């Protein structure tokens, strides 16, 4: 086993959410923004060495939606069982006071693919320069997701990644501080 490329898509009801992406050895190569019928590369340089016609994904989703309904009846309307996520916060590198770093919130092994993530600095939600990934596949068929927060390390700041998912009774907060 040296490499693995996965084309992974999904459709979720009653949410009417669909996703289409390709990952390489666990990393996202690109996905298709359904509303903009656009191909989004995980890393921009990727879009200069290759391309994907986004329409093909839109056609795949439509069939996925229809098949979800088929499976929904066939199973006698057996709903999915919520599996709450495991959350862990880390920096993408060793922290050094007053030197650019990045807080990473890793939300792992949960389903269905719907979640609420919020970055809290001293209790208040931040959004400046925050990014996130789409839902990444797991061989056990659960999902992983990444959310990012570029920040300036300081000894007087306390951060929290706040996560909400049907599998939990209350918001799960993971704290991090210098």
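Residue numbers count along the first chain shown, from 1.
When the two stretches 49-57 and 127-135 are set side by side, the higher mean Cα temperature factor goes to 49-57.
107-115 and 37-45 differ in mean CA B-factor, and the higher of the two is recorded for 37-45. Looking only at 15, 19, 169, 25, the residue with the top Cα B factor in the deposited structure is 169. Compared with the other modelled residues of the chain, the Cα B-factor recorded for residue 158 ranks in the highest third. Ranked against the other modelled residues of its chain, the C-alpha B-factor of residue 79 as given in the entry falls in the middle third.
Remark: residue 93 belongs to the highest third of its chain, ranked by C-alpha B-factor as recorded. Ranked by C-alpha B-factor against the other modelled residues of its chain, residue 152 falls in the highest third.
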